[PDB]
Every structure is written in structure tokens, then in C-alpha cells.
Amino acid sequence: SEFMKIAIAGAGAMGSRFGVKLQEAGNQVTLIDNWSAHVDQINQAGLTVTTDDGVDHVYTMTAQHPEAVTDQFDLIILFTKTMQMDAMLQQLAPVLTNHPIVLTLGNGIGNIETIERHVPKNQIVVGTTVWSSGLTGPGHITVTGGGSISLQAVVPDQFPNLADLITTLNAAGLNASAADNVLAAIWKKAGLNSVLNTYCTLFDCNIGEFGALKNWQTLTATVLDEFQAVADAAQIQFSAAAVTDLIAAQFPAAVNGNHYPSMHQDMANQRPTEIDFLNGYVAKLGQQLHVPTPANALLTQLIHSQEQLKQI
């Protein structure tokens, strides 16, 4: 009875990892991705999962490109980064006629709003996860330690079978728990990213160097006070002070002192950044809620400008 038919939209490190534990627990899983070498590697030689011990576990899996799915699922777990999401849901439009559960486990505050345009919002379940996974290559991921999951329906009153959903996951050893605090934690992670990704990209510095700035506190506060004012308007729990501590914890060289965050790399390699889904998204919501967000609106403009200059 804990059987569900399950799709993984975003068969990356995490999606691939979740796909396997859910399959090995008897569920019928399809992995969906656009990366040709990945999808093809799995259909021809199985997904490989290098465990604690450097031991290669070849697992037989079903993979497909999004446009090439006509099957329907009881549950779709989205791992699509917010930016690719609209495209990924566009391309899956047919499969959602049955109105399945949409379980977004990606990062990004823009996800619910983005998802609302493709399905009924009563089907949406946001989640966070500390399960980890590395993507070593096509049809190849590396795993260590354990983890858990925390879930929260967007509209708790209209949502059926959160218990069954949790049972299904926990049956695959995933440690799912119902919680009322998931959207808060998504906002927390996006507060951190909207400071460290954005400023590091703007300054062409790494996280330690940002940390060493005489004015990092004011730069941080400026972004976060606006998040706070918007979180409050949207009635989501948020503490600027807490996020600031999380931000500070990254500075040491033992942690991320010498790391250039994902946005900096995107800029360096002339990839569009997720800025519209970080500071860009807080500004947009701000305006919907009549909360002024001039600093996040501006930083968003500065990054787009940077993009345009790199492409030359």
C-alpha cells in the first residue's frame, strides 16, 4: 500500500540518490533529466552509486528526457533548480493532467509561485533535506553518511495523505517528518545565498575575502533587513540575526573561506545566474506586498549588467 508511482524531475546527485532508495524499496521510479550523457548512461549500463566504502554499486534504473515521457505518476519529486523549473514543468505539462502530488525539494523561494502556474496549489508540498550526494559523472553519484527530510504542504487544510506520503518515503529509509517550519528554512537558505552569492560575484572575491571586509556587516544587514520586512509581510518566520550567524560560519578557511560560490562560477563561465530567483525574487514579492526593497532591486540590476558585460 505504501507503493506509489514516482517521477524524479531533476535526476541530479540528490534526485538520483532519492530515486535509488525509493526503487530498492519497491516503488516504480523514472528519473527525468535533460543531460543526455546522464540519461543515456543509465539506460545502457545502470546508475552507479559509490558508497562509504569506495565500492561501486551498479543499479538498474529507468531514465528519460522530459519531452519523452507519456507516463503518469502518483507523485513527482522536483529537484529542478528554480531557474530551469518553468521550462521543466512546461515540457512535462501533459503528465500533470492526473493532478499528482508535487513535492518540491529544490532550493529557491520562487518555487511555489512558479509551480502554482502549472498545478493546483493544494497539491504542493515544499521540503528540505540534509541527505547529501555528489555527482561524479554521467550515471555516477557518490554517497556518504545519512540524512532526513522535512515536509510542509503549502495549504495544509486541503492536502490529503501527508501521512501516506511520509510512509512511502520512510519505507525507502529516507526519514521524512511532517513540519510547519520548512518554508522558513528555505527562506533562511535564500537569505544566505542572496548575500554571499551576490556580493562575491559583484566583488570577484571568495567568501573569506567577503568575510574580511570592514563593512560586511552593513552589506549583509542591508540585504537581510529587506528579507525580514518581506518575510514579515508574507507571514513567514525569519530572523536576520540567525541568517547572519549562518553567513559568518562560512568565513573560516576550514569551512568555505576559499570557496567561490555558485553564482560567481556562473558569471565566470558566462552562464546566466539565478539572481532573479534570489534578490530578484525578494524584490518582486516586496512590491506585491508593498514592502520597499530598493537595495535588493538594485543588486539584481547590478548582476544583470555584469552578465551582459561578460558575454561580450
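Just count from 1 along the sequence shown to find any residue number.
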item: 98 to 106 or 203 to 211, whichever carries the higher mean Cα B-factor; value: 98 to 106
item: Residue range whose averaged C-alpha B-factor is higher in the record, 190 to 198 or 148 to 156; value: 148 to 156
item: Residue, from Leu302, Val20, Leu289, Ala295, that the PDB entry assigns the highest Cα B-factor; value: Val20
item: Criterion, highest CA B-factor; candidates, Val243, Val58, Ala249, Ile275; value: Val58
item: Ranked against its chain, the third holding the CA B-factor of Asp164; value: highest
item: Ranked C-alpha temperature factor of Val282 among modelled chain residues, by third; value: lowest
item: CA B-factor placement of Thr220, once the chain's modelled residues are sorted into thirds; value: lowest
item: Cα B factor band for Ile112 (lowest, middle or highest third within the chain); value: middle
item: Third of the chain's Cα B-factor distribution that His264 belongs to, per the entry; value: lowest
